[PDB]
Structures are given as C-alpha cells and as structure tokens.
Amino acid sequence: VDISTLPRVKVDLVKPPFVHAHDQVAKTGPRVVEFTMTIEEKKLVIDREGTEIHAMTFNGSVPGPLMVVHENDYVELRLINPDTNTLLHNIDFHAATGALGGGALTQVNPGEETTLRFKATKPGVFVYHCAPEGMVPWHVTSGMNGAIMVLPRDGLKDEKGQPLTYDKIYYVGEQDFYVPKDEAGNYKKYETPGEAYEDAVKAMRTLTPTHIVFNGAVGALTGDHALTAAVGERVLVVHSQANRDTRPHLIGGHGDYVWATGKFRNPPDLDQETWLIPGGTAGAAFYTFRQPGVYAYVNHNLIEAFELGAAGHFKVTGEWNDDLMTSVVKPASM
C-alpha cells in the first residue's frame, strides 16, 4: 500500500518512567506514527555525593522516552541536534531493518536535523541508542539510549493464547556509567569532551561500572517519585539495558508473565522470581499486585542494587491478605 495514503498520527512523548498514551489493541489500520526528539547534552548529578557528569540525552532524560507503535505501523522520527550541542549524534533502532538500524542515515552535526522512516515489522520491546562510528560505547554509556515498544495489533497474549491486558505501564531504563577515577579512587572532571575522551575510554576498558542507576540517578524512583499501584491492578514493567546484562526482581512479588528477551511472538515465562535481560536488549514483565505496602524493584546483583544505585520502589494501596502472608508471632524475646 502507498504510504502517502495511510493516516498520520502525531505522538507527544512523556518523561520516563511514564509512557505516552496508546491503545493495546489497534483501533485503526496501519499508520505512519510521527515522533520528534531533540538531543540534549547536559550536566546531570547521578548520586547522593553530588557526582556530576556530562550526559548525552534524547529529549533531556536518561533513559530517553518510551515510543509505542503497533506491528506494521511506520515509525517516522524527526531527530533534532540543536547548535547548543557540541557533538555529532545519530540513532539506531533495534526494531528496524537495514542501515545499522538507521544509524547510517541519521548522522546529525550540531545545527542539523533529519527525518527517518522505518516499518516496525516485528512485535516486542527493543532498545534504541546513539552509535556514531568510532565512539559508540562512549555515547551509549553517557546515557544516550531508550526503548520502543511494538505491540501486536491484537494486544498481548499469554502462553495459551488468551489476552493479557495491563492497567498501568512503566518504563525502567537501567544505565551503567564509567566515571573516570584517579589512582586514589576519586572521580575526575574535565573541561572539554575531547580532553575527557581518553580517560572515558580507559574507564570503560576496566569493564567495571562506577554507578548503575534507574531513571538517571541513585534514588530516582523513590520518595515522591516511587512507582505506584493498587491491589488487583495489572502492571507491565518494560526494562532496558543497552550495554550490560541485568537481572530484575520485584522484592515481595514476581513476574507472573515475563518476556525476558522482549519479543511477543514467543510465549512468556511464568512465575519468575528473577530473569536475565542481556545487555543490548529490552524485556517486559507483567504482574498483578496482591498485597499493599512498599516493594523494591532491583537488579538482583544486590551490590549493584544497594551500593551502586540499581533500585527503585513501588508504593501499593489496598487491603492486606493474611491468608497469603502473616506474622504468626511478632519478633520478641522469650
């Protein structure tokens, strides 16, 4: 079908962990879904100590926002690199076919823009990331990655073919940072990106992250920004990691249905405690909450979670079920 004959719909993106509006089951035929993102190089404070890095972002956030389409829609992205930036950037979609996922067609210097179109032929959650030839891991590990969800036209299905419908969705982007250290162990800072580059390469080659965070900073998904749900609600958590493996776990819950490597033509794994999302992948977990209270959502290398930053919280409202769990005898000396 001639693409100029299809409907166009413009999406207005939101900041993670929230997700723009969409319908699980497609309410129209295939469409050209129009997105715009503006690259922003910016300083970000990433820990409680005040460590400040030069982040490279899509739309001002780490991770970049979640894009949502259906299978056999066309994604049309206007990518803007304002002249207030200093570096060359591009974009590679793991959802796309050809030209390095789009990276070979989207190289933009400061003061340039470009528009890419691709057909979303495979359903699943997928990573997108910047990847300029010769400086790929530097851009990705400076925060320049997000994800796209390509829903089946008839929505999600369980291992038997019956519908799975979520009530809420969140997007957790997990970021490994490599902040250069001196011989004594303290972070260095740098005056220009070029003066930083060799020590960024040195720091990356150790293979050891200094920080591993959700939504761009230690503690970002806690306090006033904890995730929320109610007892009985069905929640989909999309989780991406563009560079290193992670092992997500809902402390106090499970992944009732999990696509660990993110592709919806496969049946989900049931009843997971913890699952492996390989570096370079997006995964998705569906859970129905059964108990109120605080939960933590972590990478279950618990050092990475509780010392390096890879931990967030849910606050869940509703009634407690003593059949599922109860304290029979509360802690006491006797």
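Numbering starts at 1 and follows the sequence shown. Just so we're on the same page, rigid core means the largest C-alpha set that superposes within 1.5 Å between forms.
- In a rigid core superposition of the other structures in 7 other deposited structures of this protein, 193-201 and 232-240 differ in how far their CA atoms stray, and the farther one is 193-201.
- When the other structures are laid on the shown form by the rigid core, the stretch among 79-87 and 96-104 with the greater C-alpha deviation in 7 other deposited structures of this protein turns out to be 96-104.
- For the pair 299-307 and 46-54, the record assigns the higher mean C-alpha temperature factor to 46-54.
- Stretches compared: 214-222, 184-192. Higher mean C-alpha B-factor in the entry: 184-192.
- Note on the listed residues 261, 72, 86, 246: the highest Cα temperature factor in the record is that of 86.
- Out of 209, 146, 82, 137, it is 82 whose C-alpha atom has the highest B-factor in the PDB entry.
- The PDB entry assigns residue 201 a C-alpha temperature factor belonging to the highest third of its chain's modelled residues.
- In the deposited entry, the Cα temperature factor of residue 163 sits in the top third of values across the chain's modelled residues.
- Ranked against the other modelled residues of its chain, the C-alpha B-factor of residue 157 as given in the entry falls in the highest third.
- When the CA B factors of the chain's modelled residues are split into thirds, the value for residue 174 lands in the lowest one.
- Among the modelled residues of the chain, residue 16 sits in the lowest third by CA temperature factor in this PDB entry.
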